[PDB]
Structure formats: structure tokens, C-alpha cells
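1. With the input below, show me the fold.
(chains A, B, C, D and E, ligands or ions: 7)
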Amino acid sequence: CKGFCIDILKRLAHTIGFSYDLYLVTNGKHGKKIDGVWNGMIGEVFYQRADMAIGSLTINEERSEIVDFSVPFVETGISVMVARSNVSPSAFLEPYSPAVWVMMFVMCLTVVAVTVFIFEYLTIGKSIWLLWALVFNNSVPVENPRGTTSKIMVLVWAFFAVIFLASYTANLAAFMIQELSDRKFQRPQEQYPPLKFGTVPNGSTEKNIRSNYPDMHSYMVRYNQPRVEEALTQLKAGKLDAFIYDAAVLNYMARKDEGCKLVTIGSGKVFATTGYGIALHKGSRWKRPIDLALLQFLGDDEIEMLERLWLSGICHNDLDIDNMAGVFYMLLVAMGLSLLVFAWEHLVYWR
Amino acid sequence: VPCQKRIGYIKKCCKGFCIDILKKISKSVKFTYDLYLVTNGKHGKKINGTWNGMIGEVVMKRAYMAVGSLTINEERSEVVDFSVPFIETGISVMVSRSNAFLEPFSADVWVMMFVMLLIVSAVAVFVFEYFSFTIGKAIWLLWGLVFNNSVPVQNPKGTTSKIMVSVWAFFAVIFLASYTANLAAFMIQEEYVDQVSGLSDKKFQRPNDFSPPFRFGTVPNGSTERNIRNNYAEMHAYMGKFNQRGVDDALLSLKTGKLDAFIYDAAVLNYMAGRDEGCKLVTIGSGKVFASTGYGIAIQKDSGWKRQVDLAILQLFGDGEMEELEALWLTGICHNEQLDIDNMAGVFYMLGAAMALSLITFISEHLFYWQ
Amino acid sequence: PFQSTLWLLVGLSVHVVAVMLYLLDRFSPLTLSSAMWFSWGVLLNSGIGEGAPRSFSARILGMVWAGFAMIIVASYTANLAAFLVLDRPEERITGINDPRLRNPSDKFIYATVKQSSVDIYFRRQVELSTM
Amino acid sequence: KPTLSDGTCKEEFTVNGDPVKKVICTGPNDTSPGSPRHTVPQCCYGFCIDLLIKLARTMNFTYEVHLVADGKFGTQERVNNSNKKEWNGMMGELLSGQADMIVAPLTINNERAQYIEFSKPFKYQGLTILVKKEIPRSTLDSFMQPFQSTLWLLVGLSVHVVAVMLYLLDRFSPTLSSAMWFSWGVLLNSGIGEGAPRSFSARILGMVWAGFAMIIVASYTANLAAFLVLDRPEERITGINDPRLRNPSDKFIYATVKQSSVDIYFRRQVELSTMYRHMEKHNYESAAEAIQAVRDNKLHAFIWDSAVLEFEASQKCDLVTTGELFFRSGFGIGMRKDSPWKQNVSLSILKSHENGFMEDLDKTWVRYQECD
Amino acid sequence: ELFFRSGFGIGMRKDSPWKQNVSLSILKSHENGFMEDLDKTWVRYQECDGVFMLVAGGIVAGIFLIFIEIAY
Ligand SMILES: O=C(O)CC(F)(F)C(=O)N1N[C@@H](c2c(-c3ccc(Cl)cc3)c3ccccc3[nH]c2=O)C[C@H]1c1ccc(Cl)cc1
Ligand SMILES: *[C@@H]1O[C@H](CO)[C@@H](O[C@@H]2O[C@H](CO)[C@@H](O)[C@H](O)[C@H]2NC(C)=O)[C@H](O)[C@H]1NC(C)=O
Ligand SMILES: *[C@@H]1O[C@H](CO)[C@@H](O)[C@H](O)[C@H]1NC(C)=O
Ligand SMILES: *[C@@H]1O[C@H](CO)[C@@H](O)[C@H](O)[C@H]1NC(C)=O
Ligand SMILES: *[C@@H]1O[C@H](CO)[C@@H](O)[C@H](O)[C@H]1NC(C)=O
Ligand SMILES: N[C@@H](CCC(=O)O)C(=O)O
Ligand SMILES: N[C@@H](CCC(=O)O)C(=O)O
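-> Residues are numbered from 1 along each chain as shown, chains lettered A, B, ... in the order given. Ligands and ions are numbered 1, 2, ... in the order given. I have put the structure below:
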């Protein structure tokens, strides 16, 4: 037998000094009350059949009442695991937010009046028509002035436009150089389909979830996957989509699967956050010699090194349709904007 | 470890990579030490038959050992013995960092649109010939379409005549967008031009007659200079003018511009490169050792500890202890991984050449009718 | 990412070629006003300007004349593209077991809260005595 | 290489025309573990042979090169059939008496240093990893490849909706086929379009359309730029400490060379016997066939000296080495204890480094700079 | 990245008779959602909440060019 807890036990015996014999428990799992009798890893320590119970035990309130736990050394709560969902957006492509947009509209609005003013010195329609033409690659019939000063002012419009277009390529190139929603399941069958979620219902996870949310527990009895891997395979096959278990095991299982197809809900959701520990005899008097020894390994470099050796898995967390359909929202205001202009012109002469 | 210094004695303390190795050995050899700094000379230079420096005390029965920055070479092996090397060392050069339209892509592309020049010209005339400009004027528009320019030119009519040119129109924009996207990739794939290739380069071997001379130098009284003075004696004579006094003073002279090369040890220049501001200095060849000779501990001639000390060092390599020492003490910060006149001058080389192509065509009019 | 001297050669290029283009057609079997009207715009890619090349020698002028822009306008698009690739090491955000933490020479001069526990943690850690 | 029909084994010239130096090399042929072995004269040449000839002339001694019986290096190989252990391979032959000098790639470590000397190394190197190179094909894309092909009919339909009602509003308030030339032409950015709008409703609509023009082509320029930037499988085993090596997953198989120095290195370590306990069954008789196995996709990784693997990777451009060096120890000439040749041999190697002689050997036997 | 993982706690003397009481109360309020209520209320959200400028001179330069052109 070898692993994480065993490594701590071997290290503990060095500093303290004792002889230990492992006593793998035949009875099922960690602990449970059957109205008078305790079984599992905690049943054989209350009934004076052992002196310590090392393993993946979790601190609770009933257990801490009758036994004395040590200082927690691994975090653990309640978590849910789901599969992996099937864009990189830019609303209007936002070159520098609606700041430069105000500048170009205001600049082009003022110049039209200025250019029209200088034509009297030498055109309400021709000046405005040519001005928005050249800045947008022309391609429209626009009057070309025969003067000298007029042609110079119009000329400097193009070079500003193209470099804007070149810069309009930079921001799009910028975004690619730099280079997820779980609003569902938030309902006890109140969602439209029959939602399925299940546990391994013998441990503290059921006891904690049995007191609160009584309605969920009664419905949850339909799904009683009596394993971890058996529940895992059924989850991938689509039979189940939510698995609730320890947050120090579900996270590990979702941190070594191929393809990064299993990500827990949220970004490491934990609910109770009751850490692990070592059960004792309630009168063992070994509680003090363990606490100081354990608090040392949490200090500088001991515990913070073991987890790299055992729990260090890989495959962690990490143009579409709406990207180009962002200016489409401005297409919905195209015909509407032009429609009211005709109505405004109609009422100019009629009224 | 306490580090006594002679000349009266003033107490000092010594620490670092070499000291850490020394105390590890003393825990497996069962011996002690009385370290003391060397006063007269440093690193040894055999002059007039007598030695000096660090190696000048082991020879004359004063230290019995010497650990530090010592480079193994033949001239010292005869007089004193050396243990198994525990680090690599050669000889390198340190330099600063430097400050073509067809260079992106290649010549493969430019042999294609030449076909389109003849093909598009023939297509327009062939279509126009049937229904019934041409060479005189129609060639202007179809080549002009390749470039999105606002030149005022005629627009040929025809219900179907201009249909294909519209199809021909969008071939250019997708072409030019492709023709400019690959350009940015070459800036991603930009290489380092460098200046020299090693000690055997002509620039190093040329003292003069090679423009303003290359300014290279080193510090004397070490293995890195005696090695040069035995193979390239003509080169060592020239470099004597650009002599320095220490690594630190010479290093700052590189940035100012008085020097542009530095031939020194190949295991301490790496530390300088990895612990400088903005990593503006890079070794030639990305850490290219030339005369591979490692370090070691010098012991007195005919010493019984030699059989035991080298065995202990080889045990460290197997036990994987040396990785912690080098990671702690020998790790840097930066790692080796702006349009200019020279790059786009070559662009103008063809444009200037293409300018002259207009002059020769002028003389063709002379023989158009006379001949 | 521009240089005034480099901007000068392109800036003065149009003036040199504008006068050369106009006077070239005199010997063929172009007014100065037009040479400063439809030549500045085309290099700048502007609709301001009038006329088309007329002489056979004038016809061959446009090849290199037109060929100037697209070979250089993309260069700026490439030239600008260089800088967005550069992000600077200003976001070095180096931490935990880094040489920056153990660099005790007037660079970061970072401090902690007196007493506390982080002071005890550093004191206990004999490997970081200098820090 | 096998000899010719006569006693000699052919002659050839190098790149500069110098004659390559060869020495008769007697040894077993057709190894085939499980078949009788016969001794047939062959000839050997290369790096160590050229260095060996230099020493023979300098110190004035003669030689007769012969190969090894079993193609394995030294190893302690403690067995129950003997009292404690006995050496095997090259190392055992030197101590037996049949060998006086050992010239071959042979690492310097603790175990072999307790009985034999090692002189000084020729070159310094370390261990690394060899893996199969990724797909050489760049997956270069054609026209209509980027962006959804189906929605490009929508772009084709985008001009359709604009075309139909453009002249439809030119009849009621103030031909239908006469308007699409301008609408289609402007997105071509050509001179075909000639109809300047007169109605204010169409005049505004014409200009706001223009803003739609340049976005796609610039985006398509970026999309093409996307094709030449984003390529990263991120399949790089980083060092020995990678968690993939620690867990003995069956999807990848690790292997090495039997009875080599790396086998001793892993066995000695009191922690590493957790992965190679499963990789011990996956080994090889020599390093000359593991490369073929990797090339045949029957393996995933290989552990060997960087001196050999780097040369192989350069020669054949189907493999790329990764990882970082983690055990550095040079080679060396090996001889028995109390041998008098030790002092002279060590000096010659040190004197050869300064003379630049090893530079000539490197550039004619190691560096080929092919398919870089 | 975090490098010293250890929680808080209420401190008291060794012979305090309230130690066993207090540990149970914390472990009983840690699971019935009380800690989440305090988390959201207090600590959770607490939201924080040249060339272009020279266009005036360019118009003057254009006006100066206009005046020069008008004069010439
Ligand atoms: O009652 C309601 O109106 C529903 C709702 F609001 F309860 C609700 O949907 N959810 N409540 C969440 C929550 C719990 C808790 C955990 C598991 C289940 Cl089964 C029930 C509740 C929790 C449990 C113990 C201690 C602290 C906790 N803190 C919390 O936020 C979690 C959340 C939830 C998320 C995923 C699934 Cl698949 C189902 C529910
Ligand atoms: C190592 O080299 C030295 C120097 O050449 C050898 O010493 C010579 O040995 C020969 C015969 O043994 C004598 O005739 C010379 O007089 C010696 N020269 C000197 C300077 O002592 C030495 O023999 C070599 N080592 C071995 C093992 O042969
Ligand atoms: C859960 O606990 C009960 C208690 O008796 C046991 O009978 C049952 O087998 C346990 N469940 C599993 C899957 O072992
Ligand atoms: C090198 O040795 C010479 C001769 O002893 C001496 O003059 C010179 O000062 C030494 N160099 C340095 C840097 O001390
Ligand atoms: C709380 O403390 C009191 C006095 O210290 C003790 O009598 C009692 O048993 C404790 N527990 C409860 C639940 O009251
Ligand atoms: N690690 C926990 C998981 C189940 C539970 O919450 O009780 C235990 O066995 O105690
Ligand atoms: N350890 C070498 C280094 C020489 C040098 O740094 O110049 C020597 O003393 O010869």
C-alpha cells in the first residue's frame, strides 16, 4: 500500500517514533450511523478497537463530537462535475471604444460647412458628396473641383483614411495576437426536462445534503451510482450530467482525463470547505504530538512538495457567427433611418 | 564559512557555489579546512621559472589544496594534479545587440502574375474583337485594375463586356490581402543577422586593412590569454592595445562603444549575460564553447586524498545534488529568443533599376519608321 | 514606428518624380499644373486629379509609377504589425522561487508587515536568510 | 561496414579529398541473439578511430582493434548463480585480461570508477529525450476555406436584398437591373458603377453601405493572418519532472537500452523505481533499432546521450528531440588500475583541446547541417 | 501563486473550558449556509465602481494658402 496518506504516516513515525500495523477495514466505507452503531473507519475507533484512523476522512460535527480530529491538511468541500461545452467576440470591433468614432463624425461634419464656405470665394451638394467619397475609396460619381486650394484640402482626406484602414487591420490583428456559462441546472426539476443528478449516498455528502434541501434528497434516490468510475462512465454516455462528490477527488478526476472534456461547475466551486483529518480515540492523548508535527509540514516545503508527486495531473481548464454579425445590428437601422428622411422632406413642402 | 584574510588578519566570510561544494565534500571525507585568501598574485603565471597566485602556493607547500575558479590545462597538470571536473568551461566572445521587397515569400510567386499580364491582355481584346482602345488604351484599365488606384480612366461599355472584368476585379483584392498577410509572418520569422562566426573569422584575424579595426581585448594573467598567445601570435600582438583591468569595468565599456568584443571565460560570461538589464548582451553562437576545459580542485603532488575526492564528486552527479546548486546560484532572468534604411533600400534597388527601363524604350521611336 | 529621415526620402520622392514625368512627354511626337494635380493624388491614392498617360513613353511611366504604392502601403501594415507583436516584459509578474525575489540590490525593495507571520516564515526559512 | 571480397575493404575520399583512415576490425557477425556466432574480419572508422591513430603515433605503440562479444556496455549484474556479482560486457573484458585499453563512448560514473581509471573526457554531453516529430504537413488552406462557407451565400444574398429594393424605391417616390451594377460594382471597388443617387433616401443609404465595404477584406486579411499564426499542438515533454512520465499510462511506452549507464542511474535512485518498473519489460538490445521502432510509431520516447541523438535528429528530418539535459558526464578512455599509460594519455587529450584538433574531428564526423 | 495555506482561528488559553463548545459551533455554522451569507454580505462583491490637435493650424495654413492663391 502506498500513496498520499501513507507517505504522511511514514514521515510522522520518523519524528514521533512508534510501530504501526495497517488494518484495512472490511466493513463498508468511512462511517455511518445506524441508530446506535458506528461502522467503517470511525466505527472501529469509537469501540476501542484501534488508536488511529488515517485515510481520506473528512471533519464533520457528529464525528468530532465522539472522536478528536487533528489539524486539517487538505481542503475539501462539495462540488459538481459536468462535461465540456462545444467565439472571441468584438462588438463593432471597437477600435478604441466609441471615442475615435465621435472624432471622425464630428470632423467630417465640420469640414463640409468649411469647404462650402470657401466655394463662395471661388456648393452644398458637391462639397459634401466628394468629402465622404474619397475617404471611402471613392467609387461614386462626385464633382471634382477645378481650383487649387480645394483640391489640396480634399487630397489630405485619403491618406488619413487608408492609414485608418491599415490601423483598422491592426486592432483585428491585435486581438488574435492576444487571443463557459452554466446558468442551467439551477432548479429542482423546475427546469423543462427531467433533470438527473446523483451521488454515492453513504458518506457525509449525503448527510449534509439530507438535512438541508429535503426535497432534493428524496428525488435523488432514483440515482444511486455505487462507485466512482461507474458513475464516471455513465456521465460520459449522457445518462447523467451532474455528479456531486468530494472536491478533492472530483477535481483530481477532472484533472487527468483525456481531451479536457470534463470541467467541474464554475471555476473550482466549494460549498462546505471542511478539511480532512485524522481520527483518534477521544482519549488517546496523541492529539498534541501530532498537531505540532503536522503544523510543521504545512510550514515551508514538506506538504507543498508531496502534492506535486501525486496530484499533479494535466489537461486543466483553458470568427463564429456573431463576430461578423455585429454590424448586422446596424443593418437593422439602415432602412429605418432613410425612411424618416422622406417623411421629413414630405412635410417640408406639404406643411 | 569563516574566511581568514592575510595582510595582520581581518576576518571575512566566504560563500557561494564553490564553498557549498566544499562543505559537502568535508561531510564525506572526514577532514577540516582553514580557508584563507591569496594575497600576492592571482590564478598563477609562470614567470622566470617561478610560479605565483593561487597555484603558486600549492607548489611550494603552503596550502595543500585550492578550490575556486581554476581552468584545467596541460601546463599546470605537470606541476600540480587536478580532480574530476564538476563544470564546463571554454572560451567565447561577448557582443552587444544590433540596431528586400522579395525577401518575404520568394521568387516563386513573381513568376505567376507575369502570366496574368499576358492572359488578361489577350482576354479583353478577344472578347472585344468578336462584337467589335485594345493595345493602345484597353491595356491600361486591366493592368490598372490590379492596383486599387483612383486614376481617371475610361470605363468600357457593354452589357456583357464588363461582366468578366467584374469577376476579374475581386481576384486582385484577395490577392493583395494574401500578398500582405504573409509579409507580417516574416517579421514573426525574423532572424538575427549577427556579425562574426568565431575566433577563426577573418575579422578577428585581420588587425588592419578591414575598415575601422575591430576592437577586441581581454585581461592578462590567465589561461584565456596564454592559450591565444600560442596559436595566433600575430593576433595577440594587435589586441594588446585594448587591454582592460577587470570583468566589470570592461563590461560597461561595451555599452559605451569603445569596445565591441570580449574574449573571456565561457562559464562566467553566461552569468553576466543572464543578469544584465534588458538582456542587451548576447554571446556569439548562443553559448559556443571553443576549447572545452572544465574546472577542478588542485591538490598537492602525490596526495592520497586524490583517489577519494574525485570519487565523492562523481557521487554527487548520481545522487542528483548538483541540480539544486546550479538552480540556486546559476540561473538568470532573461532568455535569448523598427523599420530601417537598409531593409527597404533593396526595395528601391529594383525600382531604381526599373526607372532606367523607361529611358531605353524612348530610342525605339527612332527606328519605328526610319528603320 | 517612423523615422523623419526615412520619411524624407518618400516625402521628397513625389516631388522628384512629378517634375520628371511632365517634362518627359515634350520630346514625344504635360502642363506643370497637372503634374502637381494628378500625380500627388495617385501616389497618395486619391481621387483628386485628372487625365491619363498619353504618349507611349508616358504609357510606360505608369508601370513603376503605379507599382510604388501596393509594395509600400503593405509595408506600413507590416511595419505597424511589428509593434503589436511586442508587448514588453513590463508584465513580468514574476513571483515565488524567482531570482527577482532573491535579488537584494535596490530593484524591488518590497516590504511586509512587521511582526505578523510572514516575517516568521522568512526567518524560519534558512534558505532565504539574506532576503 | 563489411569488408570487400579481398582482405581490404575499399577506399574513398572525404569532402576535401583526404583519404579516410580505416583499421581492420575483427569481431562477431550476424549477432541474432539465439544463433551461433562466427568471427569475420571487418573494418572500423570514425571519431574514436581517428583519435586512436593520433595517440599511437605520438606515444609509439602498436594496436589491433577487435570488437566485443556481446553488444552491451558494462553493468554490475548481480546474479544468484554467483557469490555476489560479476562484471559483464565491455567492462568485464577489460578486467579479465583480454583488453588493455577501452576506446568507445563510455560514460564516467561512480560504479565503474571503483575499479578502473578514466583519463579525461573528449567531449561533454548529457541525457535527453527523442520523440516522433509532428506532422510535416502545414495544413495549408485554399480559397473559400476560412469562415463558414454556408454564410457566404448570405453574403451573396446580402447584395441580393440591397439590389432588389435599390431601384424599387426609385420608381414609387420619384431600371431594376440598371441599379445592381452600382451596388455590385462598389463592393468590387471598380469603375463600373456610374449612377450617382439623386433621392435623399437612397443617397443616405448609399453612403452607410460604404462603411460595410472595407471591414470584411481587412478581416479576411486578418483571417489569412490567423492561418499563418495559430499553430501550437503544445505536445512538448518538458524535462524528466513532467507528470506524464511519473504516471505509467499505457497510451505511451518508454524504453531505453539494456545494461547501459541510464539503467544503472534509475536502479540506484530510491524513488524512480515507480515508472520504469513498468518500462523495464520495454527495453532493447541496442540503440541502433530503437530509432527504427520510434520511426515506425511503436514507441513514444527514448532516453540516450545527447551526443548521438542530436546527430541522428539532424540527419533524418522525421524526429525532433525535446526535454532538457539532466545528467552530465563526458566520455573517456578506460584502462585497468596501475596502468603506466595513464599519465601520458591524459596529457595528450588536454593538449589536443588547445591545438584545435578536436574542431577538425567535429566538423568532419558530427556536423552535417542538413534539412535545418 | 499561493505558497502558505493555513486558515484563521479564535485563540484562547490552554485551560479554557469553552474550546470544545466553540469548535462544534463553527463546524455547525459552516455547513448550513451561514458562512456563504457572511461572505456575500461583507467581502464578496464590494465593487470598485499632436497631429490631430494641430488641425487648427492646418486650417490656418490652408487659409494662408487660400489667401496666397487668391492674391496670386
Ligand atoms: O433551493 C433552490 O431553490 C435551488 C438552489 F438554490 F438550492 C440551487 O439550485 N443551488 N444551491 C447551491 C448550494 C448548495 C447545494 C448543493 C447541491 C444541491 Cl443538490 C443543492 C444545494 C449547498 C449545499 C450545502 C452547503 C452549501 C450550499 N450552497 C449553495 O449555494 C448549489 C445550486 C445547485 C448547483 C448545481 C446543482 Cl446540480 C444543483 C444546485
Ligand atoms: C610519458 O612521457 C614521458 C616523456 O616523453 C616519458 O619519459 C621518457 O621515457 C623514455 C622511455 O620510457 C625515456 O627514454 C625518456 O628519457 C623519458 N623522458 C623523460 C623526459 O623522462 C614516459 O616514459 C612516458 N610514460 C610512459 C609510461 O612511457
Ligand atoms: C451503504 O451503506 C449500507 C449500510 O449498511 C451498506 O449496506 C451498503 O452496501 C452501502 N452501499 C454500498 C454501495 O456499498
Ligand atoms: C599581470 O601580471 C603582470 C606581471 O606580473 C603585472 O604587471 C600586471 O599588473 C598583472 N595584471 C593585473 C591585472 O594585475
Ligand atoms: C457548551 O458549554 C457548556 C459549558 O461549558 C457545557 O455544559 C455544554 O455541554 C456545552 N455544549 C452544549 C451543546 O451546550
Ligand atoms: N471523502 C468523503 C466523501 C464522502 C463524504 O462526504 O462523506 C468521505 O468518505 O467521508
Ligand atoms: N579559472 C580561469 C579563468 C581565467 C579568467 O577568468 O580570465 C583561470 O584562472 O585561468
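2. any chance you could map the helices in chain E?
-> Listed from the start of the chain, chain E has helices (DSSP state H) covering E:19-29, E:34-38, E:55-71.
3. Ok, which of these comes nearest chain B?
-> Ranking the helices of chain E by distance to chain B, with CB to the nearest CB as the measure, places helix E:55-71 first at 21.6 Å. (C-beta placed from N, C-alpha, C; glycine too.)
4. and the gap between residue A:6 and ligand 4?
-> With distances taken as CB to the nearest ligand atom, to the nearest Å, residue A:6 is found 61 Å from ligand 4.
5. Show me the contact partners of the helix or strand where that residue lies.
-> Taking DSSP states H and E as the definition, one finds residue A:6 inside helix A:5-15. Contacts of helix A:5-15 with the rest of the structure, by CB atoms under 8 Å, 6 or more residues apart in numbering or on different chains, involve A:20, A:54, A:55, A:56, A:73, A:290, A:293, A:294, A:297, A:302, A:306, A:310.
6. Report all helices and strands that the helix or strand that residue B:18 is a member of contacts.
-> Assigning secondary structure by DSSP H and E places residue B:18 in helix B:17-29. Using 3 or more CB pairs under 8 Å, 6 or more residues apart in numbering or on different chains; DSSP states H and E as the contact criterion, the neighbours of helix B:17-29 among helices and strands are helix B:306-319, helix B:322-329.
7. list the buried ones in the longest one?
-> The neighbour-count criterion (16 or more other CB atoms under 10 Å in any protein chain shown) identifies B:306, B:309, B:310, B:311, B:312, B:313, B:314, B:315, B:316, B:317, B:318 as the buried residues of helix B:306-319.
8. would CSV of these with distance to chain C be doable?
-> Formatted as CSV, the entries for the buried residues of helix B:306-319 read as follows, by distance: CB to the nearest CB, whole Å:
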residue, distance to chain C
B:306, 33
B:309, 26
B:310, 29
B:311, 28
B:312, 23
B:313, 23
B:314, 26
B:315, 23
B:316, 19
B:317, 22
B:318, 24
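9. residues contacting the closest residue to residue A:147 other than its chain neighbours?
-> Spatial nearest neighbour of residue A:147, chain neighbours left out: residue A:122 (5.6 Å); criterion: CB to CB, 6 or more residues apart in numbering or on different chains. Under the criterion of CB under 8 Å, 6+ apart, the contact partners of residue A:122 comprise A:145, A:147, A:150.
10. Could I have the ChimeraX command that selects the buried members from those?
-> Restricted to buried positions by 16+ other CB under 10 Å, the ChimeraX selection for these reads:
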select /A:145,150
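11. if we can go back for a sec, which of the helices and strands packed on helix B:17-29 sits closest to chain E?
-> helix B:322-329 (17.2 Å).
12. Which is the succeeding secondary structure element to the closest one?
-> Under the assignment DSSP H and E, the closest C-terminal helix or strand after helix B:322-329 is helix B:341-362.
13. does the helix or strand that comes right after that next one come close to chain C?
-> Scanning forward in sequence from helix B:341-362 by DSSP H and E, the next helix or strand is helix B:366-369. No - when contact is scored as CB under 8 Å from any CB of the partner chain, no part of helix B:366-369 falls within range of chain C; the minimum is 9.1 Å.
14. sorry, back to before: with residue A:78 as the reference, name the closest of the helices of chain E.
-> Using CB to CB as the criterion, the shortest distance between residue A:78 and the helices of chain E is 11.8 Å, found for helix E:34-38.
15. For the closest one, give me every contacting residue.
-> A:271, A:273, E:29.
16. Of those residues - the most surrounded one?
-> The member of the contacts of helix E:34-38 that has the most neighbours, counting by other CB atoms under 10 Å in any protein chain shown, is residue A:271 with 18 neighbours.
17. List the contacts of that one.
-> Taking CB under 8 Å, 6+ apart, we find residue A:271 in contact with A:77, A:78, A:79, E:36.
18. can you pull out the strands in the chain?
-> Reading this off chain A. Assignment of strands within chain A using DSSP state E yields the ranges A:79-83, A:243-245, A:262-264.
19. ah, no, chain D please
-> D:23-29, D:38-44, D:101-102, D:116-117, D:127-132, D:254-255, D:301-305, D:319-322, D:334-336.
20. The ones you listed: which one's closest to chain E?
-> Proximity to chain E (CB to the nearest CB) singles out strand D:319-322 among these, at 25.2 Å.
21. That closest one and chain A, any residue contact?
-> No - using CB under 8 Å from any CB as the criterion, no contacts between strand D:319-322 and chain A are found, and the smallest distance is 15.6 Å.
22. other SSEs contacting that strand?
-> For strand D:319-322, the elements it packs on are strand D:127-132, helix D:287-295, helix D:306-315, judged by 3+ CB pairs under 8 Å, 6+ apart.
23. Kindly export the last one (C-alpha atoms) in CSV.
-> What follows is the C-alpha trace of helix D:306-315 in CSV, where atoms were taken according to Å, rounded to 0.1, in the frame of the first residue of the first chain:
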residue,chain,number,x,y,z
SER,D,306,22.7,13.8,-26.5
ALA,D,307,25.9,13.2,-28.5
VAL,D,308,24.2,10.5,-30.6
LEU,D,309,20.6,11.6,-30.6
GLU,D,310,21.4,15.2,-31.8
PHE,D,311,23.4,13.7,-34.8
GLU,D,312,20.5,11.4,-35.7
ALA,D,313,17.9,14.1,-35.5
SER,D,314,19.9,16.3,-37.9
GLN,D,315,20.4,13.5,-40.4
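24. re earlier: in helices only, show me the contacts of residue A:122.
-> Among those, the members falling in helices are residue A:150 (criterion: DSSP H).
25. rewinding a little: could the helices and strands packed on helix B:17-29 go into CSV alongside distance to ligand 4?
-> Supplementary listing: these in CSV, determined by distance: least, CB to the nearest ligand atom, whole Å:
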stretch, distance to ligand 4
helix B:306-319, 30
helix B:322-329, 26
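26. Helices of chain C, residue ranges please.
-> Listed in chain order, the helices of chain C (DSSP H) span residues C:4-24, C:32-35, C:40-44, C:56-85, C:118-124.
27. nearest to residue A:168, of the ones you listed?
-> Ranking the helices of chain C by their distance to residue A:168 (criterion: CB to CB) puts helix C:56-85 first, at 10.3 Å.
28. Could you pull up the contacting residues of the closest residue to ligand 1 within chain E?
-> Of all residues in chain E, the one sitting closest to ligand 1 is residue E:33 (5.1 Å; CB to the nearest ligand atom). If a contact means CB under 8 Å, 6+ apart, then residue E:33 has residue A:212 as its contacts.
29. quick one, what contacts residue B:72?
-> Applying CB under 8 Å, 6+ apart, one finds that residue B:72 lies in contact with B:82, B:85, B:293, B:294, B:295, B:296, D:120, D:350.
30. Could you identify the pair within these that is furthest apart?
-> In those, two members sit farther apart than any others by CB to CB. They are B:295 and D:350, at 13.7 Å.
31. so which residue of the stretch 151-300 of chain A comes closest to ligand 2?
-> Residue nearest to ligand 2 within the stretch 151-300 of chain A: residue A:300 (55.2 Å; CB to the nearest ligand atom).
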